[PDB]
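J.: Model the following, please.
(3 chains)
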Amino acid sequence: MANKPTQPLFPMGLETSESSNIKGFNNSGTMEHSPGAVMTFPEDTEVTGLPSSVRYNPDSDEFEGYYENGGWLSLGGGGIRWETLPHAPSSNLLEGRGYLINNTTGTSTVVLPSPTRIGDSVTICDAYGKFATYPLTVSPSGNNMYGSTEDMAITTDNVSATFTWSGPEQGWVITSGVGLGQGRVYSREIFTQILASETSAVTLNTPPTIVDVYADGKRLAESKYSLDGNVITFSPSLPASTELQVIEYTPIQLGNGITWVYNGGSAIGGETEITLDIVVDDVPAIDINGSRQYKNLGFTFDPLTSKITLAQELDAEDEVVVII
Amino acid sequence: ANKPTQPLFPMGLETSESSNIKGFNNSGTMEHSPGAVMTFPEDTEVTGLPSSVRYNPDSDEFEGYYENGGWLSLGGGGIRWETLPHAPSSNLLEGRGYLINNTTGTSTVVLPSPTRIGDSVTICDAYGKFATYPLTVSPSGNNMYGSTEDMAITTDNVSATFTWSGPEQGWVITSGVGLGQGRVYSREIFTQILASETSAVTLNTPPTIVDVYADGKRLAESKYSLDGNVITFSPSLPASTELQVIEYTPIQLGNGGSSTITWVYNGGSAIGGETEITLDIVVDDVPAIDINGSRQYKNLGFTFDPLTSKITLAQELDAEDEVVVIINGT
Amino acid sequence: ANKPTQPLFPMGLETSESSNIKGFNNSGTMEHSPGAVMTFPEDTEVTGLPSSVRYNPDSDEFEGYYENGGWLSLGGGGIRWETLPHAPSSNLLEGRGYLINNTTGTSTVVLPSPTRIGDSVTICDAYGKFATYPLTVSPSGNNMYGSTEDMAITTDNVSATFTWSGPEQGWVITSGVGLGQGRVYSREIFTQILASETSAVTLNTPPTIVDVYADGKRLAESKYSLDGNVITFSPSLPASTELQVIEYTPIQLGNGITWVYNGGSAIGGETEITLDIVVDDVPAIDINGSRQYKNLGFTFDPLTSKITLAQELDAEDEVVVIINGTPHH
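T.: Numbers count the residues shown, from 1 in each chain, chains lettered A, B, ... in the order given. Take a look at the structure below.
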């Protein structure tokens, strides 16, 4: 920008028929691309950078840009690189990926990749809606989620979870998902056995508090077995030689889930019209000093009217509880 | 050494108009300067090379070539957010997120033909009306949760990302908020224009489960009462009211049935002369206990502390009371 | 004539130093060598050309000129995380996800001034203390779910993303977990310092619905009992305790059987009772109030589908049923 010229000028411009070999340049015009053109970024893996800079990380397989304060970082942000995962008992997921889980075949385990930066993320989704029968297990190795370093199982059908590194203290956390319930942290197999004869109920070495039961590797519905003290009873009957396991588990809640007391449990006597303030919907039940009753059988009630109708002249100071 | 085959410019060179270059192999810094302009190549093809980049003129999406996946939006996926002008049906587009305004009324959205696994559309009830005016989501010939059947959302301030699974199971909700009960409408058993004030209607066949629409607005579940095969409306529907009754197969996702438990004290017998019974596992709610069959509520039957886990009863118990403590942990 | 107007290099060439170029049009393959560095133009201009890309100096964000959107970030959905060190209030920034530690007391976060539709911030309760020291989201004077009022998250392991939809509705939530019921605090119904340990406290006015805070922490819903205008505490709170009660408006976000016989009556000499249709688990049956449980008055096998009562009934007695799962007849 001073004295006389350092390098040869080409005022008209210049055309090339083959690749050139250029020690970099400074564009003061437009970069165009005719058809069939092709453009790459420089590979590069260095912490240090100029902001404005762009690169391809052949480590990360991920397009980064150096940023005034964040340094190097996925370009224009990071979303969900979705990918189906063929069923397989342990799979190691990698950051920035979303996994479509086919547990139709049976249960499977997924291991979170070692965390690098606060906010690293993986996504799992019940592609085929089979996690109720055949749960998924999310292992953070030694890294830990929600405190506990332990594994948790996702037991709910068609559930998706984006796990996100919070740092070391708290570890991975779900930041985003659909249809979450009681995450299950399996505690210890209280009973594992293959069955000789068409058994129905078996005795347990200890009194189970909260368990899940696996029949032939599939997990039974809370409906399929009575529980009592330290005997599990099976409705219906279990076939002969049914590989069956009972597992005690702690429950972690990541989802979000009563009765009405009439005049503080004391009545007035000679009354039968139960005008209720809290306006709700269907209500076919109410209790009376312990024993309860069912509506339109011994209790009339229409939402429109809002009040409730009793039968026998309500006894004075009567424990009156109204459901909804 | 080796006689070269290309002119060399030891101090580099300068140019004052656009050059026309059959590519080069950059070996240095490649900066720009005020009002310089960069443009990625315009490619649609599928054969690429990792670390390559481009502008998709069919997708309007900047894509890089990935070792693994191949040509994808840079940094995986994006919520292109747009308000959607209210219309009967809208076809929608991969990668975009749509804000739906059903204040006007009912409306339906068609999903894009799927190109890749993980193609994703987002929709939001930005206006809190889906309950009042259900959004239908159509997958066309392609299936959403394992069948081609359209599905309708009916939950105020829903919001949900449909992601493409594979030809097989198909479109599924990868993320979202407020997701309640998805409804896949079955045969429309009853549709008619009421000619007079009507409080009840007779149906050809009794309905297992249905949604009721009056003058194009979904009716609140409370408002309609149904018996064997007769729908009863409180209040009575006004005359010249469009009325449609549709059976639907519910599809559940957001909720995560269970809430209580079945325990017993002292095996099922009454020790006698005990007002404070201790529980073995620490529980979040013990709202009431069952004594022989009737129900005894908190601050009326007893009291309890959920760290102690010790129920404290307001009467001196007796022998063979079938004490059975409810687990309101939920 | 048909002459060229610019000099032609059939074999291409070689520079050993930075060249200064009024740009080009590439007809070939653009490539780099180890140590090579590449950058994007700087440009704040609204105007652009589809396929144009840039680094926005004020935005501090690589953008591309989209045909429809215009100059928008490449890859759209870009959630940069970062752990917000706790404070009474904190301004948050478009694009950023905040990990929130209400492990001590509560905290308050001030959603940013919006710019385009789709502007978004994500907040996340990574230590599960919202349930005890909740977060209140302030949208300044921008109006959140239809109103300008602050809302408050009480859900424990909660995550939410907020996403501007234009001023009429305003900030609304488009992704999250356990986003249950937002609380919009109203008038502070009770403000006082506990004189001494007290079992219960009489409200100045009866409360429709409220939240209770003791010594900074929010008392759990179960822990306080409310009857009309009288509130009871099990267990009773300690002496010299700071207590507050606020009426609140709940905003719903996530939104997280029955059977009988003999026409609502019975008959006589009924050993058992054939079920209407084969169903799963059969808990208990209501009879003269005191409902008797299974294996304490009756048995039933799903396959058989029959209420095998373990006795015999008499005259004038009502019976209601309860089952488990969904038999779907």
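
J.: Strands along the stretch 101-250 of chain A, start to end?
T.: Secondary structure of the stretch 101-250 of chain A (DSSP state E, counting those that start in this stretch): strands at A:108-111, A:121-125, A:136-139, A:152-154, A:160-165, A:172-178, A:182-193, A:202-203, A:211-214, A:225-228, A:231-234, A:244-253.

J.: tell me the angle the longest one makes with strand A:172-178.
T.: Angle between the axes of strand A:182-193 and strand A:172-178 is 100 degrees (criterion: axes from the mean of the first three to the mean of the last three CA atoms, to 10 degrees).

J.: now residue A:188: how far from residue A:150?
T.: Relative to residue A:150, residue A:188 is positioned 11 Å away (CB to CB, to the nearest Å). All C-beta spots, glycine's among them, are computed from the backbone N, C-alpha and C.

J.: Now residue A:125: closest residue in space that isn't a chain neighbour?
T.: Closest residue to residue A:125 apart from its sequence neighbours, by CB to CB, 6 or more residues apart in numbering or on different chains: residue A:160 at 3.8 Å.

J.: Please report how far residue A:90 lies from chain B.
T.: 20 Å (CB to the nearest CB, to the nearest Å).

J.: ugh, wrong one, residue A:252
T.: Taking CB to the nearest CB, one finds residue A:252 at 12 Å from chain B.

J.: What parts of the stretch 201-324 of chain A come near chain B?
T.: A:207, A:209-210, A:222, A:227, A:255, A:257-259, A:261, A:265, A:281-282, A:287, A:289-292, A:302-304, A:319, A:321 (CB under 8 Å from any CB of the partner chain).

J.: near chain B, anything from stretch A:54-70?
T.: Yes: with CB under 8 Å from any CB as the measure, stretch A:54-70 is seen reaching chain B through A:56, A:58, A:61, A:62, A:63.

J.: Share the number of residues neighbouring the third one, please.
T.: Put plainly, it is residue A:61. 18 (other CB atoms under 10 Å in any protein chain shown).

J.: thinking again about what came up before, compare the strands of the stretch 101-250 of chain A and give me the one nearest residue A:22.
T.: strand A:121-125 (38.7 Å; CB to CB).

J.: Check the offset of that closest one from the chain's centre.
T.: 9 Å (CA atoms, centre = their mean, to the nearest Å).

J.: Kindly export it (C-alpha atoms) in PDB.
T.: C-alpha atoms of strand A:121-125 as PDB (Å, rounded to 0.1, in the frame of the first residue of the first chain):
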ATOM      1  CA  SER A 121     -24.700 -35.300  23.700                       C
ATOM      2  CA  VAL A 122     -26.100 -38.700  22.600                       C
ATOM      3  CA  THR A 123     -29.700 -39.500  21.600                       C
ATOM      4  CA  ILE A 124     -31.500 -43.000  21.700                       C
ATOM      5  CA  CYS A 125     -35.000 -43.600  20.500                       C
END
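
J.: can you give me the angle that strand makes with strand A:160-165?
T.: Going by the same axes, to 10 degrees, strand A:121-125 makes 160 degrees with strand A:160-165.

J.: Touching strand A:121-125 from outside, list them.
T.: Contacts with strand A:121-125, where a contact means CB atoms under 8 Å, 6 or more residues apart in numbering or on different chains, come from A:78, A:80, A:93-101, A:110, A:112-113, A:136, A:138, A:154, A:159-165, A:175, B:163, B:172, B:174.

J.: Skipping its backbone neighbours, what lies nearest the residue in chain A that chain C sits nearest to in space?
T.: For chain A, the residue closest to chain C is residue A:77, as judged by CB to the nearest CB, at 1.0 Å. Leaving aside its sequence neighbours, residue A:77 sits nearest to residue C:78 (CB to CB, 6+ apart; 1.0 Å).

J.: re earlier: quick one, which of residue A:188 and residue A:150 is more surrounded?
T.: Each of residue A:188 and residue A:150 has its neighbours counted (other CB under 10 Å); residue A:150 has more, 15 against 8.

J.: Domains in chain A, by residue range?
T.: Per automatic domain parsing, the structural domains of chain A span A:42-77, A:81-180, A:189-248, A:259-323.

J.: what about residue A:47, how many neighbours?
T.: Residues lying near residue A:47 (other CB under 10 Å) number 7.

J.: Surely residue A:208 and residue A:230 touch.
T.: Yes: contact criterion CB atoms under 8 Å: residue A:208 and residue A:230 qualify, at 7.1 Å.

J.: Between the two, which has more neighbouring residues?
T.: residue A:208 (20 against 14).

J.: For the more buried one, give me its contacts.
T.: By CB under 8 Å, 6+ apart, residue A:208 lies in contact with A:190, A:227, A:230, A:232, A:246, A:248.

J.: Separate out the buried members of those.
T.: Buried by 16 or more other CB atoms under 10 Å in any protein chain shown: A:190, A:227, A:232, A:246, A:248, out of these.

J.: in the sheet, who's paired with the residue nearest the centre of chain A?
T.: Centroid check for chain A by CA atoms, centre = their mean gives residue A:161 as the closest residue, at 3.4 Å. With DSSP bridges applied, residue A:161 shows beta-bridge pairing to residue A:124, residue A:177.

J.: Next, the buried residues of stretch A:41-53.
T.: For stretch A:41-53, burial by neighbour count (16+ other CB under 10 Å) applies to A:41, A:42, A:43, A:44, A:49, A:51, A:52, A:53.

J.: give the contact list for the fourth one.
T.: Pointing back at residue A:44 there. A:55, A:56, A:57, C:37.

J.: residues touching the closest residue to chain B within the stretch 201-324 of chain A, list them.
T.: Nearest residue of the stretch 201-324 of chain A to chain B (CB to the nearest CB) works out as residue A:290 at 2.8 Å. Contact analysis of residue A:290 by CB under 8 Å, 6+ apart lists A:319, B:291, B:294, B:295, B:296, B:301, C:289, C:290.

J.: for residue A:221, what are its contacts?
T.: Counting by CB under 8 Å, 6+ apart, residue A:221 touches A:132, C:280, C:325.

J.: I meant residue A:22, not that one.
T.: Residue A:22 neighbours (CB under 8 Å, 6+ apart): B:12, B:24, B:25, B:26, B:27, B:28, C:14, C:15, C:19.

J.: tell me the two of the residues you listed that are most distant?
T.: So, these by CB to CB: farthest apart are B:12 and B:25, at 14.8 Å.

J.: now the residues of stretch A:54-70 next to chain B: which count as buried?
T.: Neighbour counting with 16+ other CB under 10 Å marks A:56, A:61, A:62, A:63 as buried within these.

J.: Quick one: name whatever helix or strand follows the helix or strand where residue A:311 lies.
T.: Using DSSP states H and E, residue A:311 sits in strand A:307-314. Toward the C-terminus, strand A:307-314 is succeeded by strand A:320-323 as the next helix or strand (DSSP H and E).

J.: Give the partner strands of that next one in its sheet and their orientations.
T.: strand A:259-261 (antiparallel), strand A:285-288 (antiparallel).

J.: Go through these and pick out the most buried.
T.: Of all the strands paired with strand A:320-323, strand A:285-288 has the most neighbours on average by mean count of other CB atoms under 10 Å in any protein chain shown, namely a mean of 22.

J.: list the helices and strands the next helix-or-strand element following it packs on?
T.: Along the chain past strand A:285-288, the next helix or strand (assigned with DSSP H and E) turns out to be strand A:291-294. Applying 3 or more CB pairs under 8 Å, 6 or more residues apart in numbering or on different chains; DSSP states H and E, we find strand A:291-294 packed against strand A:285-288.
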